[PDB]
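Notes follow once the structure below has been shown.
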4 protein chains.
Amino acid sequence: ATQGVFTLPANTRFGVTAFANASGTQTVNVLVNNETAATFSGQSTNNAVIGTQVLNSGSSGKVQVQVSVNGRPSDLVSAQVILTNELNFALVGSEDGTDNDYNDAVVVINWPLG
Amino acid sequence: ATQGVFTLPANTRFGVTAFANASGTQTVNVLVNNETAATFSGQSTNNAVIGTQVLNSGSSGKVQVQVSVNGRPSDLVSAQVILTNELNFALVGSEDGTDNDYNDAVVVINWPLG
Amino acid sequence: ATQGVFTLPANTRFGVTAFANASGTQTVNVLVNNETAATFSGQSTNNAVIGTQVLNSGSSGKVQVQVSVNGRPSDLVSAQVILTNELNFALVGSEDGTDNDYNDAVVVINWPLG
Amino acid sequence: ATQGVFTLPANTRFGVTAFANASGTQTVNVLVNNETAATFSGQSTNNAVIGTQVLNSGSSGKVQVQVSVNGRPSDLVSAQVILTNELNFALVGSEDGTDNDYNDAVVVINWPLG
Ligand SMILES: CO[C@H]1O[C@H](CO)[C@@H](O)[C@H](O)[C@@H]1O
Ligand SMILES: CO[C@H]1O[C@H](CO)[C@@H](O)[C@H](O)[C@@H]1O
Ligand SMILES: CO[C@H]1O[C@H](CO)[C@@H](O)[C@H](O)[C@@H]1O
Ligand SMILES: C[C@@H]1O[C@@H](O)[C@@H](O)[C@H](O)[C@@H]1O
Ligand SMILES: [Ca+2]
Ligand SMILES: [Ca+2]
Ligand SMILES: [Ca+2]
Ligand SMILES: [Ca+2]
Ligand SMILES: [Ca+2]
Ligand SMILES: [Ca+2]
Ligand SMILES: [Ca+2]
Ligand SMILES: [Ca+2]
């Protein structure tokens, strides 16, 4: 099943934050309406924030997260959770190797802001 | 129902990260085994990452999040999600006022690390 | 925070199913646009399905679950989960007593159908 | 990533419930410790409960859901969500074709019971 793709309300600002837990350098791309809107890279085995940004979901609301390590696409897991019918999380884990911890890059998207 | 209380794996490192989306200055307290282990604070209406820290869940694994604004406790919502039976997120929203956006302080706990 | 309230896409069919795990008879009311659209009741300590039905979310998409036992509303917990950006679950637990297992009536709403 | 595999607490009763939304007849097999413990089959495009049963997670706590149509395995998605640190839902969707609604068989596992 496709993972790392989310439909947000149109024209809405959202936060995106990435963490690293891996020997490999993680590259996280965030695409809005199929175009790159943010890119974070970094290396940590201690959950360091490797980037945070606020983006607008645009006319389509389509947001996609991709993760790669030295060009090799990571396998992704994802889901969206909504609390009290108001607060949205779109969550992504990724695996760059064999241990299947799926934390090598972790991406959190949250909305609404403000 | 009680919110913002999570049972983590014992003796295990986790990340805790807080975001602010409010006019009021937020204070987030993270308790491990009923003792304050981290405090974050800030003021942003644009998702500032007011704190992020790696903690150990200790012998009992009990982790609790509390949020206050100028000394008044905020109302909390929370849940835990698990992806691919391995990757864990404990999620907290909080409301300091009347609009019920529940994003005034947002806290994400993630494990495992490394 | 309010619990058991969900915004579905407008005019969309959804499933609603309730289970019982308690000594007392559970009455589950499902409201669409703030009117009772279905009512289920039954008693089980073994997760019996006490009702299942297909409903339409109507013009507003507003769906609410309420649970009553022994003449009093139960305390509710809830969340919505979306898998692969397609499959939606709106989940409700409820507590009628003192043990805080929150399973006394469990309600599952799922969409889309077909 | 692997989907449809959950680790439950050992020796614990849980509910498993399957729904169908597809032209193809769905077959759902629920494995406990790698042996089939329940099986449900049926065709519906209206969310029929093609089966619901109480099982015991046994010594291993390993529960796996498989879905097929006339022997052809469906693609699975899944996640687990925990409410108020107490109430567990393990969720499965499945896709037997090309439209990616992932609702062709939907399986919900809930615990604890009683
Ligand atoms: C050496 O192990 C670490 O690094 C690899 C490669 O980045 C990760 O897959 C793994 O989960 C660990 O974080
Ligand atoms: C002025 O409104 C903003 O600030 C208040 C007080 O902090 C929040 O409750 C609200 O959601 C907005 O973020
Ligand atoms: C005809 O379309 C229906 O049946 C196919 C095959 O079962 C499903 O994949 C699809 O989602 C619809 O439910
Ligand atoms: C048999 C018992 O019945 C009620 O007291 C419930 O609140 C308990 O959770 C338990 O199910
Ligand atoms: Ca890894
Ligand atoms: Ca890792
Ligand atoms: Ca607010
Ligand atoms: Ca706010
Ligand atoms: Ca109870
Ligand atoms: Ca009960
Ligand atoms: Ca399908
Ligand atoms: Ca279908």
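All ligand and atom numbering here is 1-based and tracks the order in the structure. FYI, side chains are in, hydrogens and waters are out, and symmetry mates aren't considered; it's all heavy atoms of this structure. Each chain gets a letter, A, B and so on, in the order the sequences are listed, and its residues count up from 1.
Excluding waters, the count of protein N/O/S atoms less than 3.0 Å from the Ca ion (ligand 9) comes to 6.
Looking at C:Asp96 and C:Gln26, their side chains do bring a donor and an acceptor atom within 3.5 Å of each other.
Distance check: B:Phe89 CZ to D:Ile82 CD1 gives 13.5 Å after rounding to the nearest 0.5 Å. In this structure, CZ on B:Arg13 lies 8.5 Å from CG on B:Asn56, to the nearest 0.5 angstrom. Interatomic distance, CD of C:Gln80 versus CG of C:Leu8, reported as 7.0 Å (0.5 Å rounding).
The closest donor-acceptor contact from the side chain of B:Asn85 to the backbone of D:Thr7 lies under 3.5 Å.
Counted within 6.0 Å of CG on C:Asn70, heavy atoms from surrounding residues, nucleotides or ligands total 12 or fewer; the atom is thus considered open.
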